[PDB]
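Single-structure report; data block below.
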Amino acid sequence: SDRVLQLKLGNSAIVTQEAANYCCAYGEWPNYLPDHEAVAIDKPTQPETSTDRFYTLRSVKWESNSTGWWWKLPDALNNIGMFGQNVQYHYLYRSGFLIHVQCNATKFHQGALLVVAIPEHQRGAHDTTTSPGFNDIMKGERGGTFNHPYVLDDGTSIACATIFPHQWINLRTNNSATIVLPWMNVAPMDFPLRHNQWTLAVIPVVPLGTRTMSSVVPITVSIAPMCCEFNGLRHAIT
Amino acid sequence: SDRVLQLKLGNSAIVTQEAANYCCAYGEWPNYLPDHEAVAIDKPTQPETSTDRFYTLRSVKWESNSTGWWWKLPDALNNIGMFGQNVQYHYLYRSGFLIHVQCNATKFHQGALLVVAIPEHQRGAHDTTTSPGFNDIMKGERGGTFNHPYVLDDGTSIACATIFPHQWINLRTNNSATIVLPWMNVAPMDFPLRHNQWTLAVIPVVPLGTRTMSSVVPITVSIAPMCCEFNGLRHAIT
Amino acid sequence: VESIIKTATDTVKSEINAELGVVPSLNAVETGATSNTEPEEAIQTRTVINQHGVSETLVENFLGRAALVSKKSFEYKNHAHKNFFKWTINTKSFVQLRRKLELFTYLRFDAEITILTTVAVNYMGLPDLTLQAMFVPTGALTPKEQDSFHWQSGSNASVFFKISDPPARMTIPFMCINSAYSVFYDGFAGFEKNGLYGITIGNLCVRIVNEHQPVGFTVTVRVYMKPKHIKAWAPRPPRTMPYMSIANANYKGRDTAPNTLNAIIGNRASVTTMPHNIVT
Amino acid sequence: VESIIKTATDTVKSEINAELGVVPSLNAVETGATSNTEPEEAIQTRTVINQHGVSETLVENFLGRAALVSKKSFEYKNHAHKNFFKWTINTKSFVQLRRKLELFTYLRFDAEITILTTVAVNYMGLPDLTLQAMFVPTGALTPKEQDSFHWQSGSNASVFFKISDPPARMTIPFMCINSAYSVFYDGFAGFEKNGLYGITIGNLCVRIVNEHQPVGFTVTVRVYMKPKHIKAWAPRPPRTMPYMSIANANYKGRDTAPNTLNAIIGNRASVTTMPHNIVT
Amino acid sequence: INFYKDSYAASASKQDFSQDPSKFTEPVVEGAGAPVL
Amino acid sequence: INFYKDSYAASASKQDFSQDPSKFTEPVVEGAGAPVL
Amino acid sequence: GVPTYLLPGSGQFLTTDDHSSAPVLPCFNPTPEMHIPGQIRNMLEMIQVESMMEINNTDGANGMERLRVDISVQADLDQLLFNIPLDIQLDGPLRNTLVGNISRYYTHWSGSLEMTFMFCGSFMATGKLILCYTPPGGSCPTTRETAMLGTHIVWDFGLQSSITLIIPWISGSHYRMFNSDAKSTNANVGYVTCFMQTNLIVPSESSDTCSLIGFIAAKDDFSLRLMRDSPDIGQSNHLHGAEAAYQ
Amino acid sequence: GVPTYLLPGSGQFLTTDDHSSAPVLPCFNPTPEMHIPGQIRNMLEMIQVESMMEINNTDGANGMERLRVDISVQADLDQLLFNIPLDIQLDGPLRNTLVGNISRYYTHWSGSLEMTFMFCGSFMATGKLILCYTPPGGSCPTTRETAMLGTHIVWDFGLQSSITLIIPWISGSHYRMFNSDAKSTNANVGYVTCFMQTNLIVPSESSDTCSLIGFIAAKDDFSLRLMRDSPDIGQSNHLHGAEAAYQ
Amino acid sequence: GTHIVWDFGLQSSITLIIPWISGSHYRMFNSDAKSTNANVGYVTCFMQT
Ligand SMILES: Cc1cc(CCCOc2c(C)cc(-c3noc(C(F)(F)F)n3)cc2C)on1
Ligand SMILES: Cc1cc(CCCOc2c(C)cc(-c3noc(C(F)(F)F)n3)cc2C)on1
């Protein structure tokens with residue numbers, strides 16, 4: 001009964017019949033900014049349903065030699081729907097996220113994906129002293145891929161990545177992962193266009209394999225901002 | 001009435017009609033490991049009667065020019081009966097010991113043996129800087145002999161050895177010595193194959209003498225482990 | 001959930017188990033939760049009153065150690081680094097401290113700074129010089145010369161110390177503009193795209209106040225930092241690849257294992273090979 | 001049995017004795033017990049209120065003295081022991097301390113460490129150098145050079161002191177993995193037979209932080225240890241034969257008495273010869 | 001204690017013995033030996 | 001007393017005046033001037 | 001005035017001392033505290049989270065291939081699949097783990113460890129394995145008959161994907177030590193070996209070679225003592241930009 | 001601040017001082033105490049245990065032969081068997097004993113000593129001896145008529161194998177001193193001599209030469225003061241391996 | 001096995017108890033000495049000294 005789950009936010013809903021319970025990052029849950037923690041004094045806008053809903057990004061194809069994928073939040077959504085609009089029209093934003101990564105195959109398929117939400121995932125470049133550039137970091141909806149997943153592209157290690165909020169999608173066990181992320185920052189709000197609180201990484205620790213009929217096995221990411229708040233209204237930085 | 005004594009453990013018993021009371025090392029008595037002193041968390045095995053019984057080692061012949069004998073515990077018993085089996089199959093052991101050294105002669109014989117249980121008797125080699133080797137230390141049931149009993153083969157002195165739990169076997173007085181040894185270590189348990197808590201030393205401070213019919217005068221050692229406990233079960237290190 | 005832990009948890013004696021529908025040793029890693037199998041459920045245990053303390057692993061203590069954050073040596077002589085230096089403060093120059101700090105995402109702490117000075121002749125004896133360490137916050141003007149007006153330090157905090165005195169020392173309060181320092185920053189410094197990715201405290205300016213002597217000396221200043229009143233958040237995977245720059249997490253890896261980009265752990269003949277097997 | 005003793009026991013006056021079946025002066029050494037004959041039973045005594053204190057023989061005091069455990073002198077100069085040394089800690093190098101510690105089988109105590117430094121020119125004056133003593137526990141990496149990264153001491157405990165300051169000092173807690181230190185170990189260090197018999201704390205690494213001077217100096221570091229908060233178990237026969245190695249109890253004895261393997265006490269003409277007989 | 005006027009100048013705070021491992025070890029919503037699935 | 005936070009840093013403990021010589025002098029089980037045998 | 005005298009240790013700088021010191025910025029008001037998710041107060045909290053063991057640390061295995069152990073349908077019985085060196089001090093499969101990395105900042109440890117293995121083969125794949133923990137003393141067992149005599153768990157692949165092998169704290173001394181001598185009696189923890197209890201059986205359309213991922217973590221009865229610098233990080237030269245900080 | 005001034009003695013390092021000092025490892029948790037047999041709290045406990053006197057410290061006696069005094073069936077009466085120099089400071093039969101060794105770590109002593117002799121001849125052997133303690137003042141007595149005038153005990157060989165001679169504390173001063181001058185009035189303790197009270201009589205099949213073992217110990221009225229380094233141990237060079245500790 | 005160490009002395013005699021150690025309630029006087037329902041075991045005597 002913890003293998004079945006339905007998520008409903010705004011005008012969107014998702015169900016899964018092969019879940020693995022679900023993770024609440026650091027045991028927290030999203031919430032609006034309380035008066036005793038607030039800084040920006042202008043009255044904020046709380047769009048609710050028009051922004052707190054599931055947004056599904058373009059899928060990626062899980063291949064035998066895939067290294068892994070990543071999407072940075074809120075960058076990945078900064079140009080999608082009303083969430084993107086508010087982000088472009090406001091200097092400050094704040095929100096949690098409900099992440100649902102989905103991937104199904106066959107009972108003859110095997111593979112295991114580590115689905116981890118990394119706070120402040122500051123990437124590193126490989127074999128050079130030059131820091132990563134803007135285009136190396138800001139991929140938007142498309143997201144990026146890992147060059148050296150073994151060290152999470154930052155000189156550390158995927159082996160210890162489990163220290164971060166995560167779940168796995170082990171094909172023989174489940175077909176989706178769900179992670180609820182609360183606001184994660186040292187400030188009550190932030191400027192959405194130049195800083196990413198979380199990075200969603202989906203890495204195939206165990207490659208996709210099977211001896212049955214070969215078919216395209218996609219991986220799809222659906223993300224729903226939660227308890228969105230926006231301050232510092234101005235024109236849009238499209 | 002303190003010249004007569006019977007010791008009974010498990011299926012073994014010993015009596016002596018010429019004892020000299022008996023020594024309880026440091027006034028202590030063997031006991032099982034209490035919960036508030038325990039370290040190894042696995043449930044231990046307490047064999048009781050199959051291990052807590054008297055084991056008699058091969059005798060030695062007391063000669064006019066003998067220098068003394070020694071047996072290290074638990075090494076001396078690590079290959080005898082069920083005690084030895086448990087020791088070979090477990091990583092950790094713990095136990096006290098009831099030592100009974102016996103030697104009788106004639107009312108025309110004279111001789112005095114110092115029977116002392118030395119804790120942590122770390123041997124030293126003579127006239128060399130090289131530390132004693134494995135075979136110099138691990139003699140098993142046979143035990144070893146002193147090269148320079150005068151200094152207890154460790155650069156100290158037999159004269160002050162009485163500081164350790166002991167008794168004497170003075171032929172005109174008694175024919176046996178009994179010493180009860182409690183667990184002696186800085187740890188609640190230990191690995192039986194590479195460390196000896198006690199060393200039983202029997203040294204003839206006063207040589208054997210007589211003018212009557214000459215006959216072989218043996219010295220026999222019987223040792224009974226007490227309150228045995230074993231932890232860390234695995235295969236046998238035979 | 002939350003509770004006060006002063007010692008390692010005790011162990012309770014456990015009995016034989018043969019219960020249907022109860023499989024404590026089975027788990028599901030996919031949930032993201034760590035195995036919750038207790039020793040008492042995996043094997044038969046005895047009762048153990050564990051008195052092992054857990055103080056040394058308190059974050060306050062783990063990070064509560066003075067570590068070298070800066071080391072600079074220069075020539076003290078007649079320059080006809082001119083008898084003083086300016087250091088743009090950062091905590092990414094020395095790997096020992098850096099790696100520990102980077103075990104966390106966010107850190108809030110006051111910083112105890114200790115300054116150690118040594119001198120060597122370029123022998124007639126060692127001079128007991130007086131130095132001035134001035135904290136020049138972001139936006140303030142940094143000294144242009146050994147004797148420029150900046151050193152009158154009317155508002156900046158300065159500390160004057162002699163080489164013969166014990167190392168200088170003072171506490172820098174937690175001074176971030178946020179509730180905690182960002183050990184890692186997945187963002188850019190400016191509103192334009194040409195900005196710097198990742199990762200300002202200011203400049204520590206140190207000079208010898210004494211005028212130059214007839215001969216030259218080499219003076220080395222070592223600065224140590226010890227965080228205290230610490231609060232930490234979101235532990236992270238430890239650094240494995242050698243560091244390359246103080247400005248980023250760029251990596252390359254050692255030339256040969258261990259810690260090569262290709263293999264963090266050194267190789268063994270096979271998965272059935274026991275490296276330091278006991279040959280009794 | 002157990003009781004609080006603050007002064008030597010008093011003596012009670014005793015009268016004449018002629019009791020049958022009562023022979024206090026007779027004993028049986030074979031029992032292993034020491035004679036329990038009281039002075040009052042051996043001769044006629046008077047009453048004596050003995051006020052002699054017994055404080056100086058308290059174990060805490062007997063062992064509570066700072067003793068030299070390490071002494072190392074090296075050359076402080078341009079090496080083109082390179083201005084630093086690594087000492088594998090042990091308490092068996094100096095006989096005075098060693099013998100006292102070896103009067104016991106087990107010892108539990110915190111250790112107060114004091115470091116004394118002196119220097120000599122190889123005359124233009126003595127430099128007031130700064131040194132760093134770093135405690136490198138078992139398994140940690142030891143410095144390879146006078147200025148290697150190891151010295152940034154991010155977690156190891158280091159103490160920086162000047163030659164002009166009072167000796168450096170700190171307390172090392174009782175740090176055994178057991179309830180007490182094993183002054184003697186009748187066992188081997190490893191699971192294999194080739195292991196070392198008998199008898200790890202770590203390494204004390206000391207360097208001069210100052211760069212080398214134009215001339216050379218000899219620097220000597222003396223380390224002293226004073227145990228405190230002491231608990232001792234199982235007294236032992238004192239060492240008589242001179243020590244040979246720090247790694248074992250090997251013995252050889254002096255060439256001639258006293259303390260020769262053949263005779264610990266020097267000889268006298270005969271058992272009826274009084275050595276320092278008073279010739280009035 | 002602390003003789004300076006600013007509280008941040010005080011010595012270390014080594015008394016925070018509270019902890020909640022579960023936020024890292026069991027961040028799952030639905031909480032023995034019963035099948036976790 | 002002790003101004004350091006760790007109790008092991010304290011000065012010496014010279015007040016343990018209890019003792020039981022008998023554990024070394026009379027380690028015999030069966031306890032005047034009567035024959036010890 | 002008050003008569004005083006300086007004690008040895010006066011004027012020294014002990015990196016581990018603990019005293020108050022002059023505040024550089026008097027009357028400074030630190031930023032108000034805010035609640036932030038994931039606060040950690042004791043490093044023990046961190047090492048209780050299981051992380052991946054690099055069990056396949058062999059030549060030919062690159063990157064993540066080193067994190068998974070591949071097992072295939074056997075032709076013989078009671079086959080040994082792999083063993084795990086329990087070296088935390090000496091480089092080994094356990095070194096680069098949360099528990100391993102953090103423990104290496106200390107010298108003494110005590111407590112039970114736990115190894116969890118997740119089977120990542122296809123759903124149609126079945127099998128039973130036996131994971132054994134062998135307390136120290138002898139050579140690492142090479143046959144199931146021998147391994148089977150130690151602490152173990154028989155694992156049946158099924159809906160619950162993972163099994164846990166508790167490595168109970170079984171030591172003579174209260175603590176073990178991270179000795180540079182792997183065969184030391186105060187350091188060696190023993191061995192972990194894995195054998196087929198039965199065999200890995202899969203149908204024609206399933207891969208006949210499957211991977212296992214092993215994780216390890218400390219339990220709450222764990223304790224670490226005597227902090228030291230980790231041997232896992234070093235520096236030979238200045239890092240790029242380190243010197244430019246003075247320019 | 002507080003006005004102060006440094007006193008003479010400031011900055012010095014007295015090996016016998018007693019102060020607290022900075023803890024190297026903050027928050028370190030020492031291993032829990034466990035009960036261990038044989039705890040000793042005062043060195044006086046140790047010297048109360050009797051140990052063997054090397055009475056036969058003569059040329060020709062090697063090793064343990066020096067620990068036993070051989071007495072044989074006499075042909076004459078009132079024969080002197082042996083005497084014992086009571087030198088604890090000057091090398092003598094009492095020096096290498098528990099009481100002797102430990103006392104030599106001090107300079108002043110006070111209290112009664114006790115000498116116990118155990119007869120180790122055959123059971124069929126009989127005899128009576130007289131052990132005399134002679135307070136200082138003159139020459140060591142050489143005849144029983146003279147020795148007999150001091151503190152003594154007449155010993156009858158029998159079932160109880162051992163006899164005890166109490167050397168009562170008889171001194172003018174509260175303490176005696178371990179002077180390098182054996183004839184000093186503050187050091188000399190007197191003499192102990194042993195004569196045949198009757199004779200050693202044995203039958204044909206018993207050895208006609210028997211040994212005695214002498215032990216000595218302090219009573220509970222003993223006290224030691226003014227600690228010093230023992231003259232019983234020295235060093236001329238580095239011990240083997242001492243220098244290799246730096247390699 | 002089950003044993004007693006005997007020291008010759010004033011008490012002239014020693015007793016060795018052969019405790020009833022059997023699987024079955026009773027043993028049998030089988031004409032087959034090696035029968036599992038008949039064989040009682042052995043008694044041996046050695047010099048201790
Ligand atoms: C990220 C991050 C940022 C920090 C703050 C480090 C602060 O340390 C500096 C500061 C602000 C001041 C001095 C300093 N040195 O001397 C003086 C004085 F002159 F004010 F005393 N201040 C030294 C360092 C390293 O820690 N982590
Ligand atoms: C057996 C046995 C073991 C011991 C422990 C001796 C501990 O002494 C060492 C230690 C651990 C540390 C230092 C030390 N010196 O300096 C430092 C500092 F740098 F940490 F301060 N530590 C010196 C010695 C001799 O005592 N008996």
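Lettering and numbering for the structure tokens are positional, with chains as A, B, ... in the shown order, residues counted from 1 in each chain, and ligands counted from 1 in the shown order.
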Collect all residues with atoms no farther than 6 Å from ligand 2, counting only C-alpha atoms and all ligand atoms, and output them as a PyMOL selection string.
-> (chain D and resi 89+91+113+133-135+157-159+170+172+181+183+201+204) or (chain H and resi 24)
With 6 Å as the cut-off and only C-alpha atoms counted, what is the closest atom pair between each nearby residue of chain D and chain F? Distances in Å to one decimal, ordered by chain and number, as a tab-separated table.
```
residue	atom	partner	partner_atom	distance
D:1	CA	F:20	CA	5.7
D:2	CA	F:20	CA	4.3
D:3	CA	F:18	CA	5.2
D:4	CA	F:18	CA	4.0
D:5	CA	F:17	CA	5.6
D:22	CA	F:33	CA	4.8
D:23	CA	F:33	CA	4.9
D:24	CA	F:33	CA	3.7
D:33	CA	F:26	CA	4.7
D:34	CA	F:25	CA	5.1
D:171	CA	F:9	CA	5.8
D:228	CA	F:12	CA	5.3
D:229	CA	F:13	CA	5.5
```
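Of all the residues in chain E, the ones DSSP labels as helix (DSSP H, G or I) from the backbone are residues 7, 8, 9, 22, 23, 24 and 25 of chain E.
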Could you jot down the atom CA of residue D:155 to atom CA of residue G:229 separation for me, Å, one decimal place?
->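 Separation between atom CA of residue D:155 and atom CA of residue G:229: 4.7 Å.
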Pick out each residue of stretch 39-170 of chain B that DSSP on the backbone tags as strand (DSSP E); I need them as a PyMOL selection string.
-> chain B and resi 55-56+60-62+69-73+90-102+110-119+144-145+166-170
Write out as a tab-separated table the residues of chain C that have any atom within 9 Å of an atom of chain A, one row each with the nearest atom pair and its distance in Å to one decimal, counting only C-alpha atoms, sorted by chain and then rising number.
```
residue	atom	partner	partner_atom	distance
C:28	CA	A:20	CA	7.8
C:29	CA	A:168	CA	7.2
C:30	CA	A:168	CA	4.3
C:31	CA	A:20	CA	4.9
C:32	CA	A:167	CA	4.1
C:33	CA	A:167	CA	7.9
C:105	CA	A:120	CA	7.1
C:106	CA	A:186	CA	7.4
C:177	CA	A:187	CA	8.9
C:178	CA	A:187	CA	5.7
C:179	CA	A:186	CA	5.4
C:180	CA	A:186	CA	5.6
C:181	CA	A:186	CA	7.5
C:182	CA	A:186	CA	7.3
C:183	CA	A:120	CA	8.9
C:184	CA	A:120	CA	5.9
C:185	CA	A:120	CA	5.5
C:186	CA	A:122	CA	4.3
C:187	CA	A:195	CA	3.9
C:188	CA	A:194	CA	5.4
C:189	CA	A:194	CA	7.8
C:190	CA	A:194	CA	7.6
C:191	CA	A:194	CA	7.0
C:192	CA	A:194	CA	8.8
C:193	CA	A:134	CA	6.2
C:194	CA	A:134	CA	7.2
C:195	CA	A:134	CA	7.9
C:196	CA	A:131	CA	7.8
C:197	CA	A:132	CA	6.5
C:198	CA	A:122	CA	6.3
C:234	CA	A:164	CA	7.5
C:235	CA	A:163	CA	6.6
C:236	CA	A:163	CA	6.3
C:237	CA	A:160	CA	4.9
C:238	CA	A:156	CA	5.6
C:239	CA	A:156	CA	4.3
C:240	CA	A:156	CA	5.1
C:241	CA	A:155	CA	5.0
C:242	CA	A:155	CA	7.7
C:243	CA	A:155	CA	8.0
C:244	CA	A:129	CA	6.5
C:245	CA	A:129	CA	6.1
C:247	CA	A:131	CA	7.2
C:248	CA	A:131	CA	5.8
C:249	CA	A:124	CA	4.4
C:250	CA	A:124	CA	4.2
C:251	CA	A:126	CA	5.2
C:252	CA	A:127	CA	4.6
C:253	CA	A:155	CA	8.1
C:261	CA	A:151	CA	7.6
C:262	CA	A:150	CA	8.3
C:263	CA	A:150	CA	8.8
C:264	CA	A:157	CA	8.7
```
Output the contact residues of chain B with respect to chain I at a cut-off of 7 Å, based on only C-alpha atoms, as a list in words.
-> residues 11, 12, 13, 14, 15, 16, 17, 103, 218, 219 and 220 of chain B
Based on the selection just made, write C-alpha atoms of those residues as a compact mmCIF listing (two decimals), in the first residue's frame.
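Result saved to out24.txt:
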```txt
# COMPACT_ATOMS: atom_id res chain seq x y z
CA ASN B 11 33.07 -34.09 35.93
CA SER B 12 36.43 -33.66 37.65
CA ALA B 13 37.60 -33.63 41.25
CA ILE B 14 40.88 -33.43 43.12
CA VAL B 15 41.72 -34.00 46.76
CA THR B 16 44.89 -33.38 48.68
CA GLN B 17 45.71 -34.39 52.24
CA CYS B 103 54.35 -32.91 43.84
CA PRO B 218 57.39 -35.75 39.06
CA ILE B 219 55.61 -32.41 39.13
CA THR B 220 52.10 -32.37 37.73
```
With only C-alpha atoms and all ligand atoms as the basis for distance, which of C:70, C:146, C:96, C:259 is at the shortest distance from ligand 1?
->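 Looking at the shortest contact to ligand 1, the residue is C:70.
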Return as a tab-separated table the residues of chain F lying at most 12 Å from chain E, together with the closest atom-to-atom pair for each and the distance in Å to one decimal, counting only C-alpha atoms, with rows in chain order and ascending residue number.
```
residue	atom	partner	partner_atom	distance
F:3	CA	E:1	CA	9.6
F:4	CA	E:11	CA	10.8
F:5	CA	E:14	CA	9.0
F:6	CA	E:14	CA	10.5
```
Convert the current residue selection to file output with N, CA and C atoms, as a tab-separated table (two decimals), in the first residue's frame.
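New file again.tsv:
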```tsv
chain	number	residue	atom	x	y	z
F	3	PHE	N	39.74	25.15	35.30
F	3	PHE	CA	39.08	26.09	34.40
F	3	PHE	C	38.91	25.59	32.97
F	4	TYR	N	39.42	24.39	32.70
F	4	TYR	CA	39.29	23.79	31.39
F	4	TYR	C	37.97	23.04	31.34
F	5	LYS	N	37.43	22.83	30.14
F	5	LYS	CA	36.15	22.14	30.02
F	5	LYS	C	36.23	20.62	30.16
F	6	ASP	N	37.40	20.04	29.89
F	6	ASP	CA	37.58	18.59	30.00
F	6	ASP	C	38.12	18.24	31.38
```
Write out as a Markdown table a residue-level contact list of chain G versus chain B with cut-off 6 Å: for each qualifying residue the closest pair of atoms and the distance in Å to one decimal, counting only C-alpha atoms, rows sorted by chain and residue number upward.
```
| residue | atom | partner | partner_atom | distance |
| --- | --- | --- | --- | --- |
| G:134 | CA | B:234 | CA | 5.9 |
| G:135 | CA | B:232 | CA | 5.9 |
| G:138 | CA | B:237 | CA | 5.9 |
| G:146 | CA | B:235 | CA | 5.9 |
| G:149 | CA | B:234 | CA | 5.0 |
| G:150 | CA | B:234 | CA | 4.0 |
| G:169 | CA | B:40 | CA | 5.7 |
| G:170 | CA | B:40 | CA | 4.3 |
| G:171 | CA | B:40 | CA | 5.4 |
| G:172 | CA | B:189 | CA | 4.7 |
| G:173 | CA | B:187 | CA | 5.2 |
| G:174 | CA | B:39 | CA | 5.9 |
```
Might you pull out every residue within 7 Å of residue H:73, with only C-alpha atoms counted and same-chain residues fewer than 5 positions away left off, and present them as a PyMOL selection string?
-> chain H and resi 199-201+208-209
Closest contacts (chain G/ligand 1, max 9 Å, only C-alpha atoms and all ligand atoms) as JSON lines:
```
{"residue": "G:22", "atom": "CA", "partner": "ligand 1", "partner_atom_place_in_ligand_line": "21 (F)", "distance": 8.9}
{"residue": "G:23", "atom": "CA", "partner": "ligand 1", "partner_atom_place_in_ligand_line": "21 (F)", "distance": 8.7}
{"residue": "G:24", "atom": "CA", "partner": "ligand 1", "partner_atom_place_in_ligand_line": "20 (F)", "distance": 5.4}
{"residue": "G:25", "atom": "CA", "partner": "ligand 1", "partner_atom_place_in_ligand_line": "20 (F)", "distance": 7.8}
```
Give the residues of chain G that lie within 6 Å of chain E; count only C-alpha atoms, and format the answer as a PyMOL selection string.
-> chain G and resi 18-21+23+41+45+49
Convert the current residue selection to file output with N, CA, C and O atoms, as a PDB file, in the first residue's frame.
```
ATOM      1  N   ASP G  18      40.619  26.127  23.786  1.00  0.00           N
ATOM      2  CA  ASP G  18      39.254  26.632  23.771  1.00  0.00           C
ATOM      3  C   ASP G  18      39.069  27.785  24.745  1.00  0.00           C
ATOM      4  O   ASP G  18      38.781  27.590  25.930  1.00  0.00           O
ATOM      5  N   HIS G  19      39.237  28.993  24.227  1.00  0.00           N
ATOM      6  CA  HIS G  19      39.110  30.192  25.036  1.00  0.00           C
ATOM      7  C   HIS G  19      38.343  31.252  24.272  1.00  0.00           C
ATOM      8  O   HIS G  19      38.137  31.142  23.060  1.00  0.00           O
ATOM      9  N   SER G  20      37.911  32.281  24.987  1.00  0.00           N
ATOM     10  CA  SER G  20      37.222  33.376  24.339  1.00  0.00           C
ATOM     11  C   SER G  20      38.343  34.279  23.835  1.00  0.00           C
ATOM     12  O   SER G  20      39.479  34.167  24.287  1.00  0.00           O
ATOM     13  N   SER G  21      38.045  35.150  22.884  1.00  0.00           N
ATOM     14  CA  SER G  21      39.060  36.061  22.380  1.00  0.00           C
ATOM     15  C   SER G  21      38.416  37.374  21.978  1.00  0.00           C
ATOM     16  O   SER G  21      37.208  37.440  21.739  1.00  0.00           O
ATOM     17  N   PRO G  23      36.693  40.432  20.472  1.00  0.00           N
ATOM     18  CA  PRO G  23      35.821  40.559  19.304  1.00  0.00           C
ATOM     19  C   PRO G  23      36.362  41.685  18.417  1.00  0.00           C
ATOM     20  O   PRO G  23      36.546  42.812  18.878  1.00  0.00           O
ATOM     21  N   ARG G  41      24.053  17.903  13.906  1.00  0.00           N
ATOM     22  CA  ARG G  41      24.740  18.314  15.117  1.00  0.00           C
ATOM     23  C   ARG G  41      25.857  17.398  15.582  1.00  0.00           C
ATOM     24  O   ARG G  41      26.744  17.834  16.315  1.00  0.00           O
ATOM     25  N   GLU G  45      25.548  11.241  13.060  1.00  0.00           N
ATOM     26  CA  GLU G  45      24.299  11.279  12.299  1.00  0.00           C
ATOM     27  C   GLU G  45      24.577  10.991  10.831  1.00  0.00           C
ATOM     28  O   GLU G  45      23.838  10.265  10.173  1.00  0.00           O
ATOM     29  N   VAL G  49      24.067   6.949   7.567  1.00  0.00           N
ATOM     30  CA  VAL G  49      23.435   6.883   6.255  1.00  0.00           C
ATOM     31  C   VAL G  49      24.275   5.948   5.397  1.00  0.00           C
ATOM     32  O   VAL G  49      25.477   6.157   5.259  1.00  0.00           O
TER      33      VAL G  49
END
```
Distance filter 7 Å, only C-alpha atoms, chain G against chain D, as a ChimeraX atom specification = /G:8-16,89,107,137,173-176,178-180,183-185,227-231,234-235
